[PDB]
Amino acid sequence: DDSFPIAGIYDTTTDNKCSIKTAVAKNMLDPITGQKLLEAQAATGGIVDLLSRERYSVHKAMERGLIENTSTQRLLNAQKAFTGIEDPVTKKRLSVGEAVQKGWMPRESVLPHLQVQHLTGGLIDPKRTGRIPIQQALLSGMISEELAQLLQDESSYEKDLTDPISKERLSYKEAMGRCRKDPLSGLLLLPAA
């Protein structure tokens, strides 16, 4: 819905929603999984505020207490997948898929973010609404053949998240599947105790 990422956590013990930040702090969600969920938010348009559905840049999120100080640095990297970057030579704005091809960023750093973009409707073209399908991205040279193939093969995505309920290792796609929608906000919440 609305091409949003996983937004927050569903506290199964109290039947209440809570933020990723609160869940990590209360030991309801493992810290690494929490950080990756926040990266996915940065990479798709901003950190989600559960109370309003608004989304915020990393800096604005920290100032509003939506994230911890210790997350800010790594979240800025993920945020580039949304904003794109400026080419140091040509000064043009590049998507991160183009940055990889131009040698400015390593493929390994960028793939997870393109994966989350794909799973929420398609690749992001910086400064534009409307997601780009993988095949269109490939034909335009926005991504390489290898990145396209990796993005297409959803069943093979890395299982680097831990389901707080089952303790199973899940991919981002599987994690999305475990989510409920919040009755108030409509946003995706991952259950945790």
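Numbering starts at 1 and runs along the sequence shown.
Per-stretch averaging of Cα B factors for 21 to 29 and 5 to 13 places 21 to 29 on top. As listed in the deposited structure, the average C-alpha B-factor of 116 to 124 and of 84 to 92 is greater for 84 to 92. Which of 39, 146, 49, 168 has the largest Cα B-factor in the deposited entry comes down to 146. Among 35, 44, 156, 162, the highest C-alpha B-factor recorded in the PDB entry belongs to 156. Sorting the modelled residues of the chain by their CA temperature factor places residue 138 in the middle third. Ranked by C-alpha B-factor against the other modelled residues of its chain, residue 151 falls in the lowest third.
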